Amino acid sequence: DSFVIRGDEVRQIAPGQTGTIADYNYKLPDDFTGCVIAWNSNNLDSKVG
Amino acid sequence: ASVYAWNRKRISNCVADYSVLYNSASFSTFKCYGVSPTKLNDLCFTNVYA
Amino acid sequence: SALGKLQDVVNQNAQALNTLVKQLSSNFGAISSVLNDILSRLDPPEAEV
């Protein structure tokens, strides 16, 4: 599952958690097994404007 | 108000729609302990505080 | 109190049933001893606990 989200909104990507981005766009099962891995993308997905 | 002198406004005789808090992006943190945020609209409370 | 032997059986059975019924009012460390309150107040991850 590959997606781009904000830095403060990574905590909402967890089992048994709720949020604006976690409901309408991508919802995880409560008993989800596996891993969630993230790394910074500011240096490649951001511009001055 | 300040942390040592927190303002305590008692709430009564209301019919509250908690969607204005839950769905609003203006709140940087929504955490509940004894209840769940989505199910607040289905419950009746007295002795309410803020 | 001539018939106390049968009355003892009756009272023991009634007392055991009463104790069993009153155990439904103990929360056993949960937030409430009523299942409907837990079901109507919490999401499944914490309601499960």
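Any value given below was found using the heavy atoms of this structure, including those in side chains, with hydrogens, waters and symmetry copies removed. Residue numbers start from 1 in every chain, and the chains themselves are labelled A, B, ... in the order their sequence lines are given, proteins ahead of strands.
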Query raised in the report: Which value, rounded to the nearest 0.5 Å, describes the distance between B:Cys32 atom SG and B:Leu40 atom CG?
Result: 5.5 Å
Query raised in the report: Are A:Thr20 and B:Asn23 side-chain neighbours, meaning at least one heavy-atom pair lies under 4.5 Å?
Result: no
Query raised in the report: Would you say B:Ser36's side chain and C:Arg41's backbone share a donor-acceptor pair under 3.5 angstrom?
Result: yes
Report task. For atom NZ of A:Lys27, decide whether the heavy atoms of other residues, nucleotides or ligands shown that lie under 6.0 angstrom number more than 12. Result -> yes
Report task. Decide yes or no for A:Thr18 and B:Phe30: does some side-chain heavy atom of the first lie under 4.5 Å from some side-chain heavy atom of the second? Result -> no
**Report entry** Side-chain heavy-atom pair A:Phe3, A:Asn25 within 4.5 angstrom cut-off
**Finding:** no
Query raised in the report: Where do A:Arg11 and A:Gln17 come nearest, in terms of heavy atoms and distance?
Result: O-CG, 3.7 Å
Report task. Taking all heavy atoms of C:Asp43 and all of B:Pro37, pick out the closest pair and write down the distance. Result -> OD2-CD, 4.5 Å
Report task. Only counting residues at least two apart or in another chain, list the ones meeting salt bridge (charged side-chain N to carboxylate O under 4.0 Å, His left out) with A:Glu9. Result -> A:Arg6
Requested in this report: Mark yes when over 12 heavy atoms from residues, nucleotides or ligands other than B:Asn13 sit less than 6.0 Å from its CG; otherwise mark no.
Outcome: no
Requested in this report: Find the distance between CG (B:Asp17) and CG (B:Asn41) and round it off to the nearest 0.5 Å.
Outcome: 5.0 Å
Query raised in the report: Which heavy-atom pair separates B:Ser24 from B:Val20 by the least distance, and what is that distance?
Result: CB-O, 3.3 Å
**Report entry** For the student: nearest non-hydrogen atoms of C:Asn27 and C:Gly29, plus distance
**Finding:** OD1-N, 3.0 Å
Query raised in the report: Does C:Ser26 reach the main-chain N or O of C:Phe28 with its side chain, forming a donor-acceptor pair under 3.5 Å?
Result: no
Report task. Any chance you could lay out the side-chain hydrogen bond (donor to acceptor under 3.5 Å, both in side chains) test for C:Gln7 and C:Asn11, step after step, and finish with the verdict? Result -> CA-CA 6 Å; C:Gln7 202 65 51; C:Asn11 293 353; 3.3 Å; yes
Query - Side chains of C:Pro44 and A:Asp30 in contact at under 4.5 Å (non-hydrogen atoms) - result: yes
Query raised in the report: Parallel under 30°, tilted from 30 to 60°, perpendicular over 60°: which one fits the rings of B:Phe45 and B:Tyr18?
Result: perpendicular
**Report entry** hydrophobic_cluster_shared for B:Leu43 and B:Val48, side chain cutoff 4.5 Å
**Finding:** yes
Report task. Consider only side-chain heavy atoms of I, L, V, M, F, W and Y, link residues closer than 4.5 Å, and tell whether B:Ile11 and B:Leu21 are in one cluster. Result -> no
Query raised in the report: Cationic tip of B:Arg8 within the cone over B:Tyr49's six-membered ring, i.e. under 6.0 Å and within 45° of the normal?
Result: yes
Query raised in the report: Same hydrophobic cluster for B:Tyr33 and C:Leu42, using side-chain heavy-atom links shorter than 4.5 Å among ILVMFWY?
Result: no
Report task. Mind checking the CG-CG spacing from C:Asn18 to C:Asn13? Nearest 0.5 Å is all I need. Result -> 11.0 Å
Report task. Search all heavy atoms of C:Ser40 against all heavy atoms of B:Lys39 and return the closest pair with its distance. Result -> O-CE, 3.4 Å
Report task. Count the heavy atoms belonging to other residues, nucleotides or ligands that lie under 6.0 Å from CG of C:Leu3, then report whether that count exceeds 12. Result -> no
Query raised in the report: Honestly curious: do A:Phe32 and A:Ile21 fall in one hydrophobic cluster under the side-chain, below-4.5 Å linking rule?
Result: yes
Report task. Give the minimum heavy-atom separation between A:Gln12 and A:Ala22, together with the two atoms involved. Result -> O-CB, 4.0 Å
Query raised in the report: CD1/C:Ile31 to CD/C:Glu46 distance, rounded to the nearest 0.5 angstrom?
Result: 9.5 Å
Query - Nearest-0.5 Å distance, CG of residue C:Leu39 to OG of residue C:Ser32 - result: 10.5 Å
Query raised in the report: Do the side chains of A:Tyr26 and A:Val10 join up, straight or via other hydrophobic residues, at under 4.5 Å, putting them in one cluster?
Result: yes
